Amino acid sequence: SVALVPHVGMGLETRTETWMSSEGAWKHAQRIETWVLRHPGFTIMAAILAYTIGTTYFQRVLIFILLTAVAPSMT
Amino acid sequence: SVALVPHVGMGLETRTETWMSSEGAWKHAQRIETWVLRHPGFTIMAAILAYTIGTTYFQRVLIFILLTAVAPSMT
Amino acid sequence: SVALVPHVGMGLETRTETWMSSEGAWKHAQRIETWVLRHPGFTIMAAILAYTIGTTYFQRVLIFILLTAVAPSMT
Amino acid sequence: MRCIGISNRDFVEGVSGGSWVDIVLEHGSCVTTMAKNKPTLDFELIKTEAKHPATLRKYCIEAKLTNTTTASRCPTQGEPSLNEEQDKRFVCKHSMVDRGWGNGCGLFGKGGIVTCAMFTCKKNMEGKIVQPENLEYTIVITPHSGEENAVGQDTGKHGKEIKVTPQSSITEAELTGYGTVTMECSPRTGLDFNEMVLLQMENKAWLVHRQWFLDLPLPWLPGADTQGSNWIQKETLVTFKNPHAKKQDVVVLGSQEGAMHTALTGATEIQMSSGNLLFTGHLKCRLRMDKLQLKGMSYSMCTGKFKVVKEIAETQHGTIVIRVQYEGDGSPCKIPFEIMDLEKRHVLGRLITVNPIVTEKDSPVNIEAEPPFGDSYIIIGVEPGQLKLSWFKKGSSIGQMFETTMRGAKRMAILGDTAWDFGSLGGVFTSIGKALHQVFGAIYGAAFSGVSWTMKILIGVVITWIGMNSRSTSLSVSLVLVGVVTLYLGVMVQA
Amino acid sequence: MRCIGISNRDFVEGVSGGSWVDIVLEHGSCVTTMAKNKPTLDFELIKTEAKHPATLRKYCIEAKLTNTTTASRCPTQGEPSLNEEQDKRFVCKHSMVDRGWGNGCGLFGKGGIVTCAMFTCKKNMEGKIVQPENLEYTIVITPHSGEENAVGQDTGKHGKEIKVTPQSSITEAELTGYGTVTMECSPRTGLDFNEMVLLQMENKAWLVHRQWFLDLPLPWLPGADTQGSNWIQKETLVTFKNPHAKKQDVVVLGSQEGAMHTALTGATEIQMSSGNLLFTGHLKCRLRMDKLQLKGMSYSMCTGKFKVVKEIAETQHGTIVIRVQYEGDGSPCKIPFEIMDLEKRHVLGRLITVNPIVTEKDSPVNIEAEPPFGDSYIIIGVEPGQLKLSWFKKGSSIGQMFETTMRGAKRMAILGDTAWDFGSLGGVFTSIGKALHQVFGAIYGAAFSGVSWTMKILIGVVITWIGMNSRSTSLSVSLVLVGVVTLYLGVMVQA
Amino acid sequence: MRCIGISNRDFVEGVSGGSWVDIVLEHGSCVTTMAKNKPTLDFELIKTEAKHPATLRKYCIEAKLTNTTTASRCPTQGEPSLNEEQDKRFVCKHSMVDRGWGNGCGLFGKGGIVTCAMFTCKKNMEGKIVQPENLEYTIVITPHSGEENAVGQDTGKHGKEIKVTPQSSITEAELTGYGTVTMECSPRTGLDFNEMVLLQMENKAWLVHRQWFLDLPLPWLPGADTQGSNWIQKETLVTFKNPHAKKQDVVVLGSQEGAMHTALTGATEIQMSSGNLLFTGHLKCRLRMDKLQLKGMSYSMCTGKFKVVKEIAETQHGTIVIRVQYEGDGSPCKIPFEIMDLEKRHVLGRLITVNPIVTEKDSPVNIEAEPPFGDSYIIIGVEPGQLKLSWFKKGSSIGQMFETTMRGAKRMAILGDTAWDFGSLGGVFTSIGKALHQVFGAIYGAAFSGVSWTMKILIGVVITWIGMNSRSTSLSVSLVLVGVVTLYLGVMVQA
Ligand SMILES: *[C@@H]1O[C@H](CO)[C@@H](O)[C@H](O)[C@H]1NC(C)=O
Ligand SMILES: *[C@@H]1O[C@H](CO)[C@@H](O)[C@H](O)[C@H]1NC(C)=O
Ligand SMILES: *[C@@H]1O[C@H](CO)[C@@H](O)[C@H](O)[C@H]1NC(C)=O
């Protein structure tokens, strides 16, 4: 759908508030949080996979964050 | 919105074609491809960051793929 | 054009003569020979390149023959 | 003769000591069962009704705002209040606006501002729910009689329709001339209602996950509200805009029907106009063949000529069909059907329409048989006028084995741990496999719920690589197997 | 005095050798400019109009289907043909469906099927473009003048509004009693029109990115179209269903108004109902002070008594405003005004409403000034009856410096290199900074296009960590700076 | 005797237990079958017919463009629009032209341009498919009978014609005086008509590969069109020209008849005007000699003079034919014939026209015999007036073995694994050889599909070199064998 491609990072923003700035500010974070709450099993698997693949704790945390954020996203 | 939670990994799928199965099968891949085409600058930076953060080539490729797939997604 | 992609290697050949078998048997070799006559420069360059990418006279001959045969036939 | 012409036909051969076989019937599929002394039967799950639905939510997809009121107090003076802030049918929000002498306040600060507007629904979705005991499955059983019109027939009276409910789960069907067939089904273990919602849009319906329906980001009503006027998440369908800090107002967000269509990807569509009809899902049944006999087994060979009235045709399963008519005496007689080699020395293929018989002379009968992969000959009749029909099959046994294995894997991917009941006859291997599959499927679903096919492919690739480069050989093999299974599932999902 | 009461107010102090200062005027913000012996004008950009737009493209957000027809082909016999496939206004789709003796074919394979349906649009999402030539700007200039009702009046009274267009580089305003003010504004370097689209949809409009609007996945017409029937990309708004390979159907996929509202997240809203009015963006101007006069210049001092008709009120920007009425002779005189320390030795305050004058005896002039931090003291009138007023200001000079730095950073975040000439007076360091910012901003914008604020924060954290774990101090410091800047931009973005 | 003088003649000698011999009939070839105590028979596949064809696809080989229109849009504002672009019957393209004040647009740059033209087909080639069960093979069986005009008689007056169809696996031909000949053919495993297309352009036809036909880059219509106006890819038959970034145009490419004649280079012609009957291919037949007694065995013998009316003539296969005239009495008698040595002590010939008789005493009789290599004498009649006709073969047994090996190799090249069924009885060696040939041919056809003979020869040379310069003796032998076989196939192909 078109809603999958919003107008967020187009570089045209001004001091005027955008269309749904307040609404659409934290909606992605809220959606990710709800998805992680509803699917704890994938979060555990993503954590384990990040620990296995990552060598340093920085890599592990980054991979865990990326996987958790992409899982609901690619759906 | 509602379009961002599209009843994908809910199970319940039988041997009957689902609603908009053919489109939703590849819509996300098409969207990522279009976003990468329109924003080459971020792709290069993501490649550099993946190369720097990850030691092994598998880690670098995984990080680059996750970053590229999550970049347009965060919307 | 349809003139390219002929009906040659279709596996349907019988004891009966085909549409232009006698005429078309040697046309490819004839036109390759005419091309090599008309363009000695590319043949010499192909020979030099084949010798450079060598390590064996068999490899040299194979590469040279393939290059000379494919040059008159591309685009 | 009804499963012929369906690409999703399955063959079940053999029964257990009790003369029964477990089968799983899917709406878009057909099952043909064969036993040593039993007529060939076709099974199709054609209908699945849901009766007495109850609404639990009435999500709003298109609303409007009518009565916009505003109130601002002063800087330092706290927040304003409107009478409509306590009215549940108004959408309200507080903001801040620059204030000063020009505005008539006299303090030069940010003064609170609140604007409300009455919320009215125009279009809504009704998420009806049906309790699992009101499901009714309709199963058609049609025997391989050989009637001329029975091949591929989808509305003929040759078959018998049996209704299956969670209460009357065990039903019996009288097949004229073939005894009785008893179906012992388990409807309660099919779609698993009480976790699903019947979502109905303006004219289309979907079968959706109840938690997914409850988590939808639209405004909703409890479902028992006759008057509405108490929508819950009104804020999800309006936007409060305060450009700069001078004024605040609210507008509606536009019709959400298209967005809900987009969100409904991955859910199988259903019918809810003339009753809640679900042409999707499966039903597990135990088939009792004990009171099932072949028709006309006490008949003599015809001893006459046959003429092919419909040319031999190959279905997309490896079986062939043909329509022959009898011009001879003793019309109620067995048809001498064989599939042999050129010299008629070996029996190369078998009959699927077992015991073909002519009931009425001037009534063509169409037989189905499974010939061998090479060249074979269909012999119909006896010496005087016997017709010999050459046939060739373009496949091979290796390819057939590969196709059977892939079909079984696809059945497992769809009927997870219920594919182990598809043609079972009891047994210890089947039960152990079913238990192992149940455990592994619970663990797998816990870890892959809510994930799209692309994410499954990514996870499978990662797991496969991890297993590929792993110190432990047992751990390596297990992880590679898990990754390969995940990759196959991701390839096969979202159909 | 229209800026008194605006939270986004900016003070511009000083002019260059040529007596000009270049300012940037943003919508929703206004600039107060003062210089030694100048009338201290307030500038606000109040309107931006677009004229003679061209419709670049049209989109369909709501369509219907009629004349649904279908055709089928027996297996192996090619694909079916419908006459509707010739008309581009029919949405057609090819699939496969099981065929056999039951459904009328002599073969038992997958036969071709084609479904078509007329596609008629119901609602449009027209998008327009304008050249910068038709880009009139409306600016209002208000001399302070301490007029009675001018303290925060936004109605335009007491001020002159000038229209700035690309046709004329020079805009002249004759401020009665104050001389003439010349503006050299660059309307072509503000909002980058001709790479933006004016998107109209159901009595709402938005200013959108041209490429993002051309990439919208909806059916569209060229924009030069007149028949309005040859919609292309109609498949994005339709669905073809073949659940069990028996039949194919078409549905129209519902309205997309809510989906477009969700897609317009991050785009500013504009008025296109009458005249394509914009109220967002900025405008860079060079302001000429040469012909500006002080209205009270050549007046005598007011030797009479004064009274405070409106008590001192502190503004959001550390200034105060008071209203005093003159009760004395020589009515057209200039008010004695001073801000002193508690000991009345030093003049600590700075007057914004410079040269306050009593124009009429019974007219309450209101004066604005900037007191020092602490226990400043305000004196109005001459010794015989002078008003003797005390004031305390809360903040501190260090806090003011921090707030100023944050305001400059936020201006550099809202504006790019354009923030460098906001209060610039020629200057070589200003030019160097602007050029460096242009290069760095080009690189940063190329590297961060199409990214949300959460992604920017993630990338900033990653870059800061990389810099912190860098072995080279120079690279480490540069990476830490880049990460901190990215974190700030992510925190401040999407407003 | 129809088979004498063809140059593609195969002698099948003997039968198995059961009195059946396998043979393959080729259209250009012919088979003469000899068995002990049975008449010599000639078999010729003279006609293959396809009935009830279905048109798969129609291609356009000549077209004309008319109604050419063009629209242009101003630069940087959208695309141009044409009403004709609504109709798929028009061929349309979009390009960019230079625009400016000279062209009538306000601004300069690349403006969009669209050119339209109506595409009308003038000449088309049609592709028709036939189901294998709709094929009819016409075999002519002609007993030798030594008739006057039976030698090389293409009229078929003396022979009997039998039609072989998939409907009946057994074809019976009653040869007057010779009993009945039973053939069990396989017109399903010969030419694979499910993969082939019957293509005609205009008074010409070819038998082409179905996929190659579907891959032809020409504008085409489905076989079910019925309008002949909505051609799929018209762009292949037209070209749009924009020589100097202005004034885009479109022209038609011209008749593709010659290009298609070149494309059909390796196909085989057929007839399509008078019932699409194709004289190419082969038919595998099982010939049964159970009921084929010799003619005229009750006659005693000829006691009278014989005069040679046509001198002995050598045949291309080493058989001699002589026509004699009976001058004596007892008209229906047996001709005393034998090939003996000079001393007439050893019998050294082999009569092919077995049991040569004279029926009318005025009609000459034609006798075919196989003499040995070297000197031999033909003895005609009884001693009074006996004819002793010498002959010299002028060959060699070793050379004959070499020729037989070459003929078998060339039949393997043409027939693939079907060559093992030629003159084959039921044998284990033949079965194993055919199975191995099937496997090797399955690999080889996959490896060498779509390549020309020159490519086959190059690959064979490469493989032979790789094999011969290999350290392994087994790999060397295997690769050399594969290379030699590939070289032989490349030399023997393209006919
Ligand atoms: C809303 O406004 C209408 C006027 O259009 C009025 O009749 C009605 O009473 C109002 N309802 C409220 C304020 O609840
Ligand atoms: C569509 O159907 C209507 C009848 O409801 C008919 O009048 C109209 O001509 C049809 N249009 C097309 C394009 O077939
Ligand atoms: C094509 O041109 C001819 C001649 O000008 C005209 O008669 C005909 O109507 C035209 N057809 C179309 C479809 O424009």
# chains A, B, ... in the order shown; residues from 1 in each chain; ligands from 1

$ residues_around --residues "region 123-127 of chain D" --least-positions-apart "2" --cutoff "9 Å" --atoms "only C-alpha atoms" --output "list in words"
residues 54, 55, 56, 57, 58, 59, 60, 61, 62, 63, 121, 129, 197, 198, 199, 200, 201, 202, 208, 210, 213, 220, 223, 255 and 257 of chain D

$ write_last_selection --atoms "N, CA and C atoms" --output "PDB file, in the first residue's frame"
ATOM      1  N   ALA D  54     -21.865 -14.303  16.920  1.00  0.00           N
ATOM      2  CA  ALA D  54     -22.028 -13.217  17.875  1.00  0.00           C
ATOM      3  C   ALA D  54     -20.939 -12.179  17.646  1.00  0.00           C
ATOM      4  N   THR D  55     -21.328 -10.908  17.639  1.00  0.00           N
ATOM      5  CA  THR D  55     -20.365  -9.831  17.462  1.00  0.00           C
ATOM      6  C   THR D  55     -19.623  -9.560  18.764  1.00  0.00           C
ATOM      7  N   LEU D  56     -18.315  -9.313  18.664  1.00  0.00           N
ATOM      8  CA  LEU D  56     -17.562  -8.825  19.811  1.00  0.00           C
ATOM      9  C   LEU D  56     -16.911  -7.468  19.591  1.00  0.00           C
ATOM     10  N   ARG D  57     -16.848  -6.967  18.361  1.00  0.00           N
ATOM     11  CA  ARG D  57     -16.371  -5.612  18.122  1.00  0.00           C
ATOM     12  C   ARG D  57     -16.934  -5.112  16.803  1.00  0.00           C
ATOM     13  N   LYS D  58     -17.001  -3.792  16.679  1.00  0.00           N
ATOM     14  CA  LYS D  58     -17.598  -3.115  15.537  1.00  0.00           C
ATOM     15  C   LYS D  58     -16.689  -1.991  15.057  1.00  0.00           C
ATOM     16  N   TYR D  59     -15.411  -2.311  14.845  1.00  0.00           N
ATOM     17  CA  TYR D  59     -14.408  -1.315  14.476  1.00  0.00           C
ATOM     18  C   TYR D  59     -14.945  -0.323  13.453  1.00  0.00           C
ATOM     19  N   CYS D  60     -14.574   0.942  13.633  1.00  0.00           N
ATOM     20  CA  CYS D  60     -14.985   2.026  12.751  1.00  0.00           C
ATOM     21  C   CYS D  60     -13.896   2.294  11.722  1.00  0.00           C
ATOM     22  N   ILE D  61     -14.284   2.337  10.450  1.00  0.00           N
ATOM     23  CA  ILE D  61     -13.339   2.569   9.363  1.00  0.00           C
ATOM     24  C   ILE D  61     -13.558   3.900   8.662  1.00  0.00           C
ATOM     25  N   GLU D  62     -14.662   4.591   8.928  1.00  0.00           N
ATOM     26  CA  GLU D  62     -14.919   5.882   8.294  1.00  0.00           C
ATOM     27  C   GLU D  62     -15.854   6.676   9.187  1.00  0.00           C
ATOM     28  N   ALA D  63     -15.373   7.802   9.707  1.00  0.00           N
ATOM     29  CA  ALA D  63     -16.131   8.629  10.633  1.00  0.00           C
ATOM     30  C   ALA D  63     -16.139  10.070  10.142  1.00  0.00           C
ATOM     31  N   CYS D 121     -19.540   7.588  13.532  1.00  0.00           N
ATOM     32  CA  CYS D 121     -19.128   6.537  12.614  1.00  0.00           C
ATOM     33  C   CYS D 121     -20.016   6.535  11.378  1.00  0.00           C
ATOM     34  N   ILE D 129     -18.039 -13.683  16.115  1.00  0.00           N
ATOM     35  CA  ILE D 129     -17.417 -14.902  16.623  1.00  0.00           C
ATOM     36  C   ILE D 129     -18.477 -15.989  16.716  1.00  0.00           C
ATOM     37  N   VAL D 197     -11.796 -14.879  14.516  1.00  0.00           N
ATOM     38  CA  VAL D 197     -12.880 -13.918  14.375  1.00  0.00           C
ATOM     39  C   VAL D 197     -13.360 -13.937  12.934  1.00  0.00           C
ATOM     40  N   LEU D 198     -14.671 -13.832  12.751  1.00  0.00           N
ATOM     41  CA  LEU D 198     -15.269 -13.719  11.423  1.00  0.00           C
ATOM     42  C   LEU D 198     -15.421 -12.238  11.106  1.00  0.00           C
ATOM     43  N   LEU D 199     -14.454 -11.686  10.381  1.00  0.00           N
ATOM     44  CA  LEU D 199     -14.419 -10.260  10.084  1.00  0.00           C
ATOM     45  C   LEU D 199     -15.202  -9.986   8.808  1.00  0.00           C
ATOM     46  N   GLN D 200     -16.164  -9.072   8.888  1.00  0.00           N
ATOM     47  CA  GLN D 200     -17.039  -8.747   7.769  1.00  0.00           C
ATOM     48  C   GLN D 200     -16.913  -7.266   7.439  1.00  0.00           C
ATOM     49  N   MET D 201     -16.480  -6.972   6.218  1.00  0.00           N
ATOM     50  CA  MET D 201     -16.439  -5.615   5.693  1.00  0.00           C
ATOM     51  C   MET D 201     -17.754  -5.342   4.957  1.00  0.00           C
ATOM     52  N   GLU D 202     -17.796  -4.289   4.140  1.00  0.00           N
ATOM     53  CA  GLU D 202     -19.042  -3.884   3.498  1.00  0.00           C
ATOM     54  C   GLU D 202     -19.721  -5.057   2.799  1.00  0.00           C
ATOM     55  N   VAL D 208     -10.037 -14.325  10.524  1.00  0.00           N
ATOM     56  CA  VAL D 208      -8.858 -13.656  11.055  1.00  0.00           C
ATOM     57  C   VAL D 208      -8.590 -14.132  12.476  1.00  0.00           C
ATOM     58  N   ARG D 210      -8.075 -13.942  16.357  1.00  0.00           N
ATOM     59  CA  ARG D 210      -8.842 -13.145  17.308  1.00  0.00           C
ATOM     60  C   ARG D 210      -7.971 -12.111  18.011  1.00  0.00           C
ATOM     61  N   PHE D 213      -7.388  -9.362  15.598  1.00  0.00           N
ATOM     62  CA  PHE D 213      -8.580  -8.524  15.516  1.00  0.00           C
ATOM     63  C   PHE D 213      -8.706  -7.616  16.733  1.00  0.00           C
ATOM     64  N   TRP D 220     -13.212   1.192  18.126  1.00  0.00           N
ATOM     65  CA  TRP D 220     -14.081   0.029  18.202  1.00  0.00           C
ATOM     66  C   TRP D 220     -15.181   0.253  19.227  1.00  0.00           C
ATOM     67  N   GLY D 223     -19.578  -4.177  20.808  1.00  0.00           N
ATOM     68  CA  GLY D 223     -20.286  -5.131  19.970  1.00  0.00           C
ATOM     69  C   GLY D 223     -21.744  -5.302  20.349  1.00  0.00           C
ATOM     70  N   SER D 255     -11.372   7.439   4.890  1.00  0.00           N
ATOM     71  CA  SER D 255     -11.856   6.063   4.903  1.00  0.00           C
ATOM     72  C   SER D 255     -10.696   5.081   4.999  1.00  0.00           C
ATOM     73  N   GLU D 257     -11.057   1.688   4.548  1.00  0.00           N
ATOM     74  CA  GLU D 257     -11.388   0.409   3.928  1.00  0.00           C
ATOM     75  C   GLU D 257     -10.202  -0.155   3.153  1.00  0.00           C
TER      76      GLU D 257
END

$ residues_near_ligand --ligand "ligand 3" --cutoff "12 Å" --atoms "only C-alpha atoms and all ligand atoms" --output "NGL selection string"
:F and (65-69 or 82-90 or 116-120)

$ interface_residues --of "chain D" --to "chain A" --cutoff "6 Å" --atoms "only C-alpha atoms" --output "ChimeraX atom specification"
/D:243-244,446-448,452

$ write_last_selection --atoms "C-alpha atoms" --output "mmCIF file, in the first residue's frame"
data_model
loop_
_atom_site.group_PDB
_atom_site.id
_atom_site.type_symbol
_atom_site.label_atom_id
_atom_site.label_comp_id
_atom_site.auth_asym_id
_atom_site.auth_seq_id
_atom_site.Cartn_x
_atom_site.Cartn_y
_atom_site.Cartn_z
ATOM 1 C CA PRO D 243 0.659 24.493 13.246
ATOM 2 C CA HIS D 244 2.920 26.980 14.997
ATOM 3 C CA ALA D 446 6.500 -20.388 19.453
ATOM 4 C CA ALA D 447 9.627 -19.095 17.696
ATOM 5 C CA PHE D 448 8.190 -18.181 14.272
ATOM 6 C CA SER D 452 6.794 -13.217 7.239
#

$ interface_residues --of "chain D" --to "chain F" --cutoff "12 Å" --atoms "only C-alpha atoms" --output "NGL selection string"
:D and (307-314 or 322 or 341-343 or 374-380 or 385-394)

$ atom_distance --atom1 "CA of residue 221 (chain F)" --atom2 "CA of residue 222 (chain E)"
28.6 Å

$ residues_around --residues "region 62-65 of chain A" --least-positions-apart "5" --cutoff "8 Å" --atoms "only C-alpha atoms" --output "PDB file with N, CA, C and O atoms, in the first residue's frame"
ATOM      1  N   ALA A  46      15.761 -14.540  18.266  1.00  0.00           N
ATOM      2  CA  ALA A  46      16.603 -13.474  17.738  1.00  0.00           C
ATOM      3  C   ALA A  46      17.753 -13.165  18.683  1.00  0.00           C
ATOM      4  O   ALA A  46      18.885 -12.945  18.242  1.00  0.00           O
ATOM      5  N   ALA A  47      17.486 -13.145  19.990  1.00  0.00           N
ATOM      6  CA  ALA A  47      18.555 -12.926  20.958  1.00  0.00           C
ATOM      7  C   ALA A  47      19.606 -14.026  20.873  1.00  0.00           C
ATOM      8  O   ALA A  47      20.811 -13.752  20.872  1.00  0.00           O
ATOM      9  N   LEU A  49      20.267 -16.041  18.325  1.00  0.00           N
ATOM     10  CA  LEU A  49      20.976 -15.940  17.054  1.00  0.00           C
ATOM     11  C   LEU A  49      21.974 -14.791  17.067  1.00  0.00           C
ATOM     12  O   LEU A  49      23.072 -14.912  16.514  1.00  0.00           O
ATOM     13  N   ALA A  50      21.607 -13.661  17.675  1.00  0.00           N
ATOM     14  CA  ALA A  50      22.535 -12.542  17.778  1.00  0.00           C
ATOM     15  C   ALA A  50      23.736 -12.907  18.637  1.00  0.00           C
ATOM     16  O   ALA A  50      24.877 -12.576  18.297  1.00  0.00           O
ATOM     17  N   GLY A  54      27.136 -12.802  16.691  1.00  0.00           N
ATOM     18  CA  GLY A  54      27.981 -11.698  17.108  1.00  0.00           C
ATOM     19  C   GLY A  54      29.183 -12.177  17.903  1.00  0.00           C
ATOM     20  O   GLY A  54      29.093 -13.091  18.723  1.00  0.00           O
TER      21      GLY A  54
ATOM     22  N   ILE B  63      24.639  -7.693   8.812  1.00  0.00           N
ATOM     23  CA  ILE B  63      24.377  -6.351   9.320  1.00  0.00           C
ATOM     24  C   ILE B  63      23.945  -5.426   8.192  1.00  0.00           C
ATOM     25  O   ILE B  63      23.018  -4.625   8.351  1.00  0.00           O
ATOM     26  N   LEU B  66      20.344  -6.286   7.216  1.00  0.00           N
ATOM     27  CA  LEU B  66      19.395  -5.836   8.229  1.00  0.00           C
ATOM     28  C   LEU B  66      19.228  -4.321   8.192  1.00  0.00           C
ATOM     29  O   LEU B  66      18.104  -3.811   8.273  1.00  0.00           O
TER      30      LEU B  66
END

$ residues_around --residues "residue 11 (chain C)" --least-positions-apart "4" --cutoff "9 Å" --atoms "only C-alpha atoms" --output "PyMOL selection string"
chain F and resi 209+445+449-450

$ write_last_selection --atoms "N, CA and C atoms" --output "compact mmCIF listing (two decimals), in the first residue's frame"
# COMPACT_ATOMS: atom_id res chain seq x y z
N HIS F 209 9.03 -27.35 -33.25
CA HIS F 209 8.98 -27.60 -31.82
C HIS F 209 8.08 -26.58 -31.15
N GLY F 445 20.73 -35.91 -25.15
CA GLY F 445 19.81 -34.92 -25.67
C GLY F 445 19.70 -33.71 -24.77
N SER F 449 21.12 -30.13 -26.68
CA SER F 449 19.90 -29.58 -27.26
C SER F 449 20.12 -28.12 -27.64
N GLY F 450 19.66 -27.75 -28.83
CA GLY F 450 19.73 -26.38 -29.29
C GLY F 450 21.03 -25.97 -29.94

$ select_by_dssp --residues "region 21-80 of chain D" --states "strand (DSSP E or B)" --output "VMD selection string"
chain D and resid 21 to 26 30 to 35 38 to 50 54 to 55 60 to 65 69 to 75

$ atom_distance --atom1 "CA of residue 359 (chain E)" --atom2 "CA of residue 347 (chain E)"
25.3 Å

$ select_by_dssp --residues "chain C" --states "helix (DSSP H, G or I)" --output "ChimeraX atom specification"
/C:21-24,27-38,40-52,57-73

$ write_last_selection --atoms "C-alpha atoms" --output "compact mmCIF listing (two decimals), in the first residue's frame"
# COMPACT_ATOMS: atom_id res chain seq x y z
CA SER C 21 19.55 -28.30 -44.56
CA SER C 22 21.91 -28.40 -47.55
CA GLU C 23 21.93 -24.61 -47.92
CA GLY C 24 22.20 -23.81 -44.22
CA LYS C 27 26.38 -20.75 -44.10
CA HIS C 28 27.61 -20.01 -40.57
CA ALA C 29 31.17 -21.06 -41.42
CA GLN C 30 31.01 -19.18 -44.73
CA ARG C 31 29.98 -15.93 -43.07
CA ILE C 32 32.55 -16.38 -40.29
CA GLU C 33 35.21 -16.79 -43.00
CA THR C 34 33.98 -13.69 -44.84
CA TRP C 35 34.01 -11.71 -41.59
CA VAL C 36 37.56 -12.82 -40.80
CA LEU C 37 38.61 -11.84 -44.32
CA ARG C 38 36.97 -8.42 -44.00
CA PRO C 40 41.88 -9.01 -40.18
CA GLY C 41 42.52 -6.56 -37.35
CA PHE C 42 40.20 -8.24 -34.87
CA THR C 43 41.55 -11.69 -35.73
CA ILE C 44 45.11 -10.60 -34.93
CA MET C 45 43.99 -8.99 -31.68
CA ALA C 46 42.07 -12.16 -30.79
CA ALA C 47 45.17 -14.25 -31.46
CA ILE C 48 47.27 -11.98 -29.24
CA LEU C 49 44.66 -12.12 -26.48
CA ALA C 50 44.41 -15.91 -26.75
CA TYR C 51 48.18 -16.25 -26.47
CA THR C 52 48.19 -13.93 -23.45
CA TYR C 57 48.41 -24.46 -26.73
CA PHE C 58 45.03 -26.19 -26.43
CA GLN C 59 43.75 -23.29 -24.34
CA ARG C 60 45.20 -20.78 -26.80
CA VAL C 61 43.54 -22.45 -29.79
CA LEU C 62 40.20 -22.90 -28.02
CA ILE C 63 40.05 -19.28 -26.84
CA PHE C 64 41.11 -17.93 -30.24
CA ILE C 65 38.56 -20.04 -32.11
CA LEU C 66 35.77 -19.10 -29.70
CA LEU C 67 36.59 -15.39 -29.92
CA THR C 68 36.79 -15.41 -33.72
CA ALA C 69 33.51 -17.33 -33.94
CA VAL C 70 31.62 -15.14 -31.46
CA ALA C 71 32.77 -11.75 -32.76
CA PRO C 72 30.82 -11.96 -36.06
CA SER C 73 27.74 -13.21 -34.22

$ residues_around --residues "region 315-319 of chain E" --least-positions-apart "2" --cutoff "7 Å" --atoms "only C-alpha atoms" --output "list in words"
residues 108 and 109 of chain D; 5, 7, 313, 321, 368, 369, 370 and 371 of chain E
